[PDB]
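Step one of this worksheet: look at the structure below.
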Amino acid sequence: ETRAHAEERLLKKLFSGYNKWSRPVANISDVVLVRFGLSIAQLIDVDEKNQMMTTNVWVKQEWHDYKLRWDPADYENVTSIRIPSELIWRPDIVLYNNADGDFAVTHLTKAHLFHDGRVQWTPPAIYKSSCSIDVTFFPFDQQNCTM
Amino acid sequence: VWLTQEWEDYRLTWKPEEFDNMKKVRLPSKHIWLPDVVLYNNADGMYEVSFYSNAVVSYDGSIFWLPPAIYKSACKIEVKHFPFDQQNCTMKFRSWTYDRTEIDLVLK
Ligand SMILES: *[C@@H]1O[C@H](CO)[C@@H](O)[C@H](O)[C@H]1NC(C)=O
Ligand SMILES: *[C@@H]1O[C@H](CO)[C@@H](O)[C@H](O)[C@H]1NC(C)=O
Ligand SMILES: *[C@@H]1O[C@H](CO)[C@@H](O)[C@H](O)[C@H]1NC(C)=O
Ligand SMILES: [Ca+2]
């Protein structure tokens, strides 16, 4: 009756017939809606000479998976779980203007899964991106670096 | 640093007399539940510990983990009194998987 057995039962039920290579939509015509947001942890560096910007960010992503659903009443009122993100399908968000870094998220932390199918995933990432630097008014300059 | 961590896992208990009076064993930390405690104010984006050492488990379910780590944390540098300056550099440790509702952090 302890929450641990209930969670183990839920895990065995969820990943019995789960394919992580498959877009998680009931209908082929359905579109996966990914809520995307950034959270800047710090501005590590602005490299004027190399025209590169290093940031530390949290990449907040949220979507729905129609296979990772359950009724909490049948699992001791478990409403949400944490699972490794490498066990489920994820969107392939990459930074186009990468420079001297990674295109994709490499940390792969755990994902928060709710009983209605909602998946919340917020891995950290350090990005080095390109941005043209204007030094007309240096050292009173205002730069505009994009991602 | 060594990030000393301690918690109880009730599922890792045993009766010593049934196992030749063994009082503790070493289990690979990769094979047991770990609290994902890391340094948030790191610079260079390194969060985890360096090696993921073994964990010492006691017969009563207590876990003692002592992994090494190389950390590059960022701190405000005060230059007012350089080169007679003293710096105040902090290191913030958090669980990136679990919030206060699931685990509590306590200073030994
Ligand atoms: C999928 O949606 C389309 C409409 O966009 C509908 O015509 C079709 O019958 C649906 N298929 C299933 C299996 O529900
Ligand atoms: C079940 O869990 C929810 C969310 O944690 C909580 O609000 C509720 O009090 C719990 N008990 C019942 C009977 O729903
Ligand atoms: C910054 O650059 C982007 C991309 O060129 C542009 O859309 C935006 O308007 C610019 N903002 C300012 C304040 O210059
Ligand atoms: Ca610089």
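Convention: chains lettered A, B, ... in structure tokens order; per-chain residue numbering from 1; ligands numbered from 1 as shown.
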Which chains and residue numbers are within 7 Å of ligand 3, counting only C-alpha atoms and all ligand atoms, if I want them as a PyMOL selection string? chain A and resi 144-146
Run DSSP on the backbone and grab whatever in chain A lands in strand (DSSP E or B); send it over as a PyMOL selection string. chain A and resi 35-47+52-64+80-84+98+110-114+118-121+124-130
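The environment of residue 109 in chain A within 7 Å, counting only C-alpha atoms and disregarding residues fewer than 3 places along the same chain, consists of residues 84, 85 and 123 of chain A.
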Could you list, with a cut-off of 12 Å and counting only C-alpha atoms and all ligand atoms, the residues of chain A near ligand 1, each shown with its nearest atom pair and the distance in Å rounded to one decimal, rows sorted by chain and ascending number, as a tab-separated table?
residue	atom	partner	partner_atom_place_in_ligand_line	distance
A:25	CA	ligand 1	1 (C)	10.2
A:26	CA	ligand 1	13 (C)	7.4
A:27	CA	ligand 1	1 (C)	4.9
A:28	CA	ligand 1	1 (C)	6.3
A:29	CA	ligand 1	5 (O)	5.4
A:30	CA	ligand 1	2 (O)	7.1
A:31	CA	ligand 1	5 (O)	10.4
Can you pull out every residue with an atom within 9 Å of ligand 4? Use only C-alpha atoms and all ligand atoms and format it as a compact mmCIF listing (two decimals) with C-alpha atoms, in the first residue's frame.
# COMPACT_ATOMS: atom_id res chain seq x y z
CA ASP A 45 30.76 36.20 -21.29
CA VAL A 46 30.40 38.66 -24.13
CA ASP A 47 33.38 38.21 -26.47
CA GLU A 48 33.55 41.35 -28.60
CA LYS A 49 36.70 40.26 -30.43
CA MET A 53 28.15 35.24 -26.45
Pick out the residues sitting within 12 Å of residue 33 in chain A, and hand them over as a count of residues only; count only C-alpha atoms, and ignore anything fewer than 5 positions along from it in its own chain. 11
Which residues come within 12 Å of range 15-19 of chain B, counting only C-alpha atoms, excluding same-chain residues fewer than 4 positions away, as JSON, numbers by chain? {"B": [23, 24, 25, 58, 59, 60, 61]}
What lies within 7 Å of range 125-130 of chain A using only C-alpha atoms, ignoring chain neighbours under 2 positions off, as a list in words?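 Counting only the stated atoms, we get residues 51, 52, 53, 54, 55, 56, 57, 58, 97, 98, 99, 100, 101, 102, 105, 123, 132 and 147 of chain A; 45 of chain B.
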Put those residues in a file: N, CA and C atoms, as an mmCIF file, in the first residue's frame.
data_model
loop_
_atom_site.group_PDB
_atom_site.id
_atom_site.type_symbol
_atom_site.label_atom_id
_atom_site.label_comp_id
_atom_site.auth_asym_id
_atom_site.auth_seq_id
_atom_site.Cartn_x
_atom_site.Cartn_y
_atom_site.Cartn_z
ATOM 1 N N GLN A 51 33.185 37.916 -31.353
ATOM 2 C CA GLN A 51 31.772 38.087 -31.684
ATOM 3 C C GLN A 51 30.959 36.865 -31.271
ATOM 4 N N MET A 52 31.130 36.464 -30.018
ATOM 5 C CA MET A 52 30.469 35.295 -29.466
ATOM 6 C C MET A 52 29.920 35.642 -28.092
ATOM 7 N N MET A 53 28.825 34.991 -27.716
ATOM 8 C CA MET A 53 28.150 35.239 -26.450
ATOM 9 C C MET A 53 27.909 33.918 -25.739
ATOM 10 N N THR A 54 28.426 33.793 -24.520
ATOM 11 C CA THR A 54 28.238 32.605 -23.700
ATOM 12 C C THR A 54 27.213 32.898 -22.614
ATOM 13 N N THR A 55 26.161 32.083 -22.561
ATOM 14 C CA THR A 55 25.105 32.231 -21.573
ATOM 15 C C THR A 55 24.893 30.906 -20.862
ATOM 16 N N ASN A 56 24.323 30.996 -19.665
ATOM 17 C CA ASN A 56 23.850 29.850 -18.901
ATOM 18 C C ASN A 56 22.343 30.008 -18.757
ATOM 19 N N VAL A 57 21.584 29.059 -19.302
ATOM 20 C CA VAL A 57 20.134 29.168 -19.375
ATOM 21 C C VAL A 57 19.491 27.859 -18.944
ATOM 22 N N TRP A 58 18.226 27.961 -18.554
ATOM 23 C CA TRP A 58 17.353 26.813 -18.363
ATOM 24 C C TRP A 58 16.345 26.814 -19.500
ATOM 25 N N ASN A 97 22.086 29.374 -34.509
ATOM 26 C CA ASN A 97 23.308 30.173 -34.589
ATOM 27 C C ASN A 97 24.305 29.779 -33.506
ATOM 28 N N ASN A 98 24.567 28.484 -33.424
ATOM 29 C CA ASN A 98 25.588 27.968 -32.536
ATOM 30 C C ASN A 98 26.967 28.320 -33.072
ATOM 31 N N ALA A 99 27.901 28.516 -32.150
ATOM 32 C CA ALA A 99 29.281 28.814 -32.508
ATOM 33 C C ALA A 99 30.145 28.341 -31.352
ATOM 34 N N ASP A 100 30.958 27.319 -31.588
ATOM 35 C CA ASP A 100 31.931 26.863 -30.602
ATOM 36 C C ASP A 100 31.191 26.245 -29.411
ATOM 37 N N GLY A 101 30.175 25.459 -29.689
ATOM 38 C CA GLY A 101 29.418 24.806 -28.640
ATOM 39 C C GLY A 101 28.567 23.674 -29.155
ATOM 40 N N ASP A 102 27.525 23.352 -28.393
ATOM 41 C CA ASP A 102 26.571 22.310 -28.738
ATOM 42 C C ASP A 102 25.336 22.914 -29.391
ATOM 43 N N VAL A 105 20.502 20.195 -26.303
ATOM 44 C CA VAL A 105 20.673 19.977 -24.871
ATOM 45 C C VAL A 105 21.415 18.667 -24.649
ATOM 46 N N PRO A 123 15.904 21.156 -18.583
ATOM 47 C CA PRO A 123 17.339 20.917 -18.475
ATOM 48 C C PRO A 123 18.113 22.221 -18.478
ATOM 49 N N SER A 132 26.693 39.648 -34.258
ATOM 50 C CA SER A 132 27.475 40.763 -34.772
ATOM 51 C C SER A 132 27.546 41.876 -33.736
ATOM 52 N N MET A 147 19.324 34.707 -30.151
ATOM 53 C CA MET A 147 19.383 33.255 -30.046
ATOM 54 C C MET A 147 18.169 32.663 -30.737
ATOM 55 N N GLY B 45 29.272 25.614 -16.567
ATOM 56 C CA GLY B 45 28.179 24.690 -16.801
ATOM 57 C C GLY B 45 28.399 23.278 -16.313
#
Neighbouring residues of ligand 2 are defined here as those with any atom at most 12 Å from a ligand atom, counting only C-alpha atoms and all ligand atoms; list them as a compact mmCIF listing (two decimals) with N, CA, C and O atoms, in the first residue's frame.
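Output (result-v8.txt):
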# COMPACT_ATOMS: atom_id res chain seq x y z
N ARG A 3 3.47 4.15 -1.02
CA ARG A 3 3.56 4.85 -2.29
C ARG A 3 4.58 4.20 -3.22
O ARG A 3 4.46 4.30 -4.44
N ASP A 71 -5.00 7.23 -14.14
CA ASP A 71 -5.95 7.73 -13.17
C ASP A 71 -5.33 7.65 -11.78
O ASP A 71 -5.00 6.53 -11.34
N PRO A 72 -5.13 8.75 -11.07
CA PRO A 72 -4.45 8.66 -9.77
C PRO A 72 -5.19 7.80 -8.76
O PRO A 72 -4.56 7.27 -7.83
N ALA A 73 -6.51 7.63 -8.91
CA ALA A 73 -7.27 6.84 -7.94
C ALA A 73 -6.81 5.39 -7.90
O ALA A 73 -6.92 4.73 -6.87
N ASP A 74 -6.30 4.88 -9.02
CA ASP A 74 -5.88 3.49 -9.11
C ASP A 74 -4.44 3.27 -8.69
O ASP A 74 -3.98 2.12 -8.67
N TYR A 75 -3.71 4.33 -8.35
CA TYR A 75 -2.30 4.23 -7.96
C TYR A 75 -2.05 5.03 -6.69
O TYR A 75 -1.09 5.80 -6.59
N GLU A 76 -2.92 4.85 -5.70
CA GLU A 76 -2.76 5.47 -4.38
C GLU A 76 -2.64 6.99 -4.48
O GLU A 76 -1.87 7.61 -3.75
N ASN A 77 -3.39 7.57 -5.39
CA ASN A 77 -3.45 9.02 -5.52
C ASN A 77 -2.08 9.61 -5.87
O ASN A 77 -1.68 10.64 -5.34
N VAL A 78 -1.30 8.87 -6.66
CA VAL A 78 -0.08 9.41 -7.23
C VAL A 78 -0.47 10.28 -8.42
O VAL A 78 -1.08 9.80 -9.38
N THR A 79 -0.14 11.57 -8.35
CA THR A 79 -0.54 12.52 -9.38
C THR A 79 0.58 12.89 -10.33
O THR A 79 0.30 13.46 -11.39
N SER A 80 1.83 12.59 -9.99
CA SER A 80 2.95 12.96 -10.84
C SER A 80 4.19 12.20 -10.40
O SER A 80 4.31 11.79 -9.24
N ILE A 81 5.11 12.01 -11.35
CA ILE A 81 6.34 11.27 -11.10
C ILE A 81 7.49 11.96 -11.82
O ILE A 81 7.29 12.75 -12.74
N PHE A 114 2.92 14.44 -15.31
CA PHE A 114 1.65 14.54 -14.60
C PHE A 114 0.65 13.53 -15.16
O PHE A 114 0.83 12.98 -16.24
N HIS A 115 -0.41 13.29 -14.39
CA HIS A 115 -1.34 12.21 -14.70
C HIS A 115 -2.24 12.50 -15.89
O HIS A 115 -2.88 11.57 -16.39
N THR B 101 9.10 19.57 -1.39
CA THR B 101 8.02 18.64 -1.05
C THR B 101 8.47 17.19 -1.07
O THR B 101 7.83 16.35 -0.43
N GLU B 102 9.55 16.87 -1.77
CA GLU B 102 10.01 15.49 -1.93
C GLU B 102 11.26 15.17 -1.13
O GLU B 102 11.39 14.06 -0.63
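Counting only C-alpha atoms and comparing A:36, A:22, A:59, A:138, the residue that lies closest to residue 124 in chain A is A:59.
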Exercise answer, chain B residues close to chain A, 9 Å and only C-alpha atoms, as a ChimeraX atom specification: /B:40-41,43-45,96-98
Let me make sure I understand: among B:11, B:72, B:94, B:80, which one has the smallest atom-to-atom distance to residue 37 in chain B if we use only C-alpha atoms? B:94
Residues of chain A classed as helix (DSSP H, G or I) by DSSP on the backbone are to be reported as a ChimeraX atom specification. /A:3-14,72-75,85-87
Please write the residues from the selection above to a file, keeping N, CA, C and O atoms, as a short mmCIF file (atom, residue, chain, number, x, y, z; two decimals), in the first residue's frame.
data_model
loop_
_atom_site.label_atom_id
_atom_site.label_comp_id
_atom_site.auth_asym_id
_atom_site.auth_seq_id
_atom_site.Cartn_x
_atom_site.Cartn_y
_atom_site.Cartn_z
N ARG A 3 3.47 4.15 -1.02
CA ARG A 3 3.56 4.85 -2.29
C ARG A 3 4.58 4.20 -3.22
O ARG A 3 4.46 4.30 -4.44
N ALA A 4 5.59 3.52 -2.66
CA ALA A 4 6.66 2.96 -3.47
C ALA A 4 6.16 1.85 -4.39
O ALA A 4 6.47 1.84 -5.59
N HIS A 5 5.39 0.91 -3.85
CA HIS A 5 4.79 -0.12 -4.69
C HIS A 5 3.86 0.47 -5.74
O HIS A 5 3.85 0.02 -6.89
N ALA A 6 3.06 1.46 -5.36
CA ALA A 6 2.15 2.06 -6.33
C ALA A 6 2.91 2.71 -7.48
O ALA A 6 2.54 2.57 -8.64
N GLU A 7 4.00 3.41 -7.16
CA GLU A 7 4.80 4.04 -8.20
C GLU A 7 5.47 2.99 -9.08
O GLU A 7 5.58 3.17 -10.29
N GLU A 8 5.93 1.89 -8.49
CA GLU A 8 6.53 0.83 -9.29
C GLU A 8 5.50 0.22 -10.24
O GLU A 8 5.80 -0.05 -11.41
N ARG A 9 4.28 -0.01 -9.75
CA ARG A 9 3.21 -0.50 -10.61
C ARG A 9 2.93 0.47 -11.74
O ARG A 9 2.78 0.06 -12.90
N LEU A 10 2.84 1.76 -11.42
CA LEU A 10 2.58 2.76 -12.45
C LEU A 10 3.68 2.77 -13.50
O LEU A 10 3.40 2.86 -14.70
N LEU A 11 4.94 2.70 -13.06
CA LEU A 11 6.04 2.69 -14.02
C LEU A 11 5.98 1.46 -14.92
O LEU A 11 6.19 1.57 -16.13
N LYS A 12 5.71 0.29 -14.34
CA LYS A 12 5.61 -0.91 -15.16
C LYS A 12 4.45 -0.81 -16.15
O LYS A 12 4.52 -1.36 -17.25
N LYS A 13 3.38 -0.10 -15.78
CA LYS A 13 2.25 0.05 -16.69
C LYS A 13 2.56 1.03 -17.81
O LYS A 13 2.18 0.81 -18.96
N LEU A 14 3.25 2.13 -17.50
CA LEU A 14 3.43 3.19 -18.48
C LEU A 14 4.36 2.77 -19.61
O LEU A 14 4.10 3.07 -20.78
N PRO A 72 -5.13 8.75 -11.07
CA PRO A 72 -4.45 8.66 -9.77
C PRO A 72 -5.19 7.80 -8.76
O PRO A 72 -4.56 7.27 -7.83
N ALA A 73 -6.51 7.63 -8.91
CA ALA A 73 -7.27 6.84 -7.94
C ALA A 73 -6.81 5.39 -7.90
O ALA A 73 -6.92 4.73 -6.87
N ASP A 74 -6.30 4.88 -9.02
CA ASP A 74 -5.88 3.49 -9.11
C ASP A 74 -4.44 3.27 -8.69
O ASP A 74 -3.98 2.12 -8.67
N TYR A 75 -3.71 4.33 -8.35
CA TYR A 75 -2.30 4.23 -7.96
C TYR A 75 -2.05 5.03 -6.69
O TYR A 75 -1.09 5.80 -6.59
N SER A 85 14.70 11.57 -18.62
CA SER A 85 14.24 12.10 -19.88
C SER A 85 14.66 11.26 -21.07
O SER A 85 14.11 11.43 -22.16
N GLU A 86 15.63 10.37 -20.90
CA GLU A 86 16.08 9.51 -21.99
C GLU A 86 15.16 8.32 -22.22
O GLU A 86 15.43 7.52 -23.12
N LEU A 87 14.11 8.16 -21.42
CA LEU A 87 13.16 7.07 -21.59
C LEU A 87 11.93 7.47 -22.39
O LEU A 87 11.14 6.60 -22.75
#
